[PDB]
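Colleague: Can you keep this structure in mind? I'll have questions shortly.
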Amino acid sequence: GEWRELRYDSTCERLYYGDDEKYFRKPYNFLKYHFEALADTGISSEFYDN
Amino acid sequence: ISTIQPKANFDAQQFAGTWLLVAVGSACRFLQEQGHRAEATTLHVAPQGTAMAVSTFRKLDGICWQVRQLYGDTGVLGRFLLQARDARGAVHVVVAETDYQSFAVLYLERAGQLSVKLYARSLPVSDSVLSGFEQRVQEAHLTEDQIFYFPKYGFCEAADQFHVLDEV
């Protein structure tokens, strides 16, 4: 799910995303390994002034 | 397959700066089937030796991008190898016809197939220059229908950091 990476080809004028890393072999010892993209950010600011 | 002669006494201290892409001569199936929704494109050039130091500037889906590259030389003036920076390996690169004031024509080759590019140093191009480039396309053994013509407007330079590839 992260494979998307840019390459450029001078011989045909394409800026495009490479076929590399698209698949992995899972080891038998991993029941599943899922490849879903997520992020989560949490921010606080507190100010007090007297 | 045979090799054309490079620009005699070429000089990257004098052939330098911007070059707006006019068109590309190539047999490649990508420009035949994918080629629609093409992108505004230009070369940018500086001296570092016999080898040219280079960028391409281009739009991708409305965001501006930069392709940094070094044209590592073959030991012959005006002939280069594109530094084989990915698994496609080397590209043979040449500057073939030019005047540094108005126009440049380049030859590029990989896997035995020739391709060619026309540039002008500003927005317009002369029909005499375009006619000369079609002879370079025919010397690449290509037809004028294998010429693909790129956006004559909306060019970009000076893209942000995350839109330069750093390919070198």
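Colleague: Using unit Cβ charges (K, R positive; D, E negative) and no other charged atoms, how large, in debye to the nearest 20, is the dipole of chain B about its Cα centre?
Modeller: Roughly 160 debye for chain B.
Colleague: Where the centre of each part is set by its Cα atoms, how far does the stretch B:39-76 sit from the stretch A:1-22, in angstrom?
Modeller: 17
Colleague: Then there is this: Under a Cβ-Cβ cut-off of 14 Å, what is the net charge of the residues other than B:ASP73 that fall near it, where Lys and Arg count +1 and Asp and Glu count -1?
Modeller: +1
Colleague: Rounded to the nearest 500, what is the protein assembly as shown's calculated 222 nm mean residue ellipticity when only DSSP H runs of at least 4 contribute -39500 (n - 2.57) each, over all residues?
Modeller: -2500 deg cm²/dmol
Colleague: For the protein assembly as shown, what does the alpha-carbon gyration tensor say about shape, rounded, prolate or oblate, given a ≥ b ≥ c as the root eigenvalues, a/c under 1.5 as rounded, and a/b over b/c as prolate?
Modeller: Prolate, because a/c is 1.5 or more and a/b exceeds b/c.
Colleague: In chain A, which trypsin sites (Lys or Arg not before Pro) are in a loop and have at most 12 other Cβ atoms within 10 Å, using DSSP for the loop call?
Modeller: The qualifying sites are A:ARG4, A:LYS22, A:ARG25, A:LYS32.
Colleague: Which of rounded, prolate, oblate describes chain B, given a ≥ b ≥ c as roots of the alpha-carbon gyration tensor eigenvalues and a/c under 1.5 marking rounded, otherwise prolate only if a/b is larger than b/c?
Modeller: The shape class here is rounded.
Colleague: Here is a follow-up. Only loop residues by DSSP count here, and only those with at most 16 other Cβ atoms within 10 Å; note down the chymotrypsin sites (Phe, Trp or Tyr not before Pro) in the stretch B:85-115 that meet that.
Modeller: B:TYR100
Colleague: If you don't mind, there's one more thing I want to ask. Give a residue-ordered list of calculated ³J(HN,Hα) values for the stretch B:110-126 (Karplus: 6.51 cos²θ - 1.76 cosθ + 1.60, θ = phi - 60°; whole Hz; x for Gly, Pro).
Modeller: So the J values, rounded to whole Hz, are 8, 6, x, 9, 7, 8, 9, 9, 10, 10, 10, 7, 9, 3, x, 9, 6.
Colleague: Here's something else I'd like to know. Go through B:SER128, A:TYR28, B:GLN138 and say which Cα lies farthest out towards the positive end of the charge dipole of the protein assembly as shown; charges sit on Cβ, +1 for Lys and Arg, -1 for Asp and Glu.
Modeller: B:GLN138
Colleague: Also: According to the square roots a ≥ b ≥ c of the eigenvalues of the Cα gyration tensor, what is the shape class of chain A, taking rounded for a/c under 1.5, prolate for a/b larger than b/c otherwise, and oblate for the remainder?
Modeller: It comes out oblate by the Cα gyration axes.
Colleague: Another question, if that's okay. Counting other C-beta atoms within 10 Å, and keeping those with at most 13, which DSSP coil GluC sites (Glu not before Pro) do you find in chain A?
Modeller: A:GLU2, A:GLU5, A:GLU21, A:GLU36, A:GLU46
Colleague: Please report how many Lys pairs in the protein assembly as shown have alpha carbons closer than 28 angstrom, counting only residues at least 8 apart along the chain or sitting on separate chains.
Modeller: 7
Every number here is computed from the coordinates shown, using simple stated rules; none is lab data. Reconstructed Cβ throughout: ideal geometry from the backbone, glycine too, with neighbour counts over all protein chains shown.
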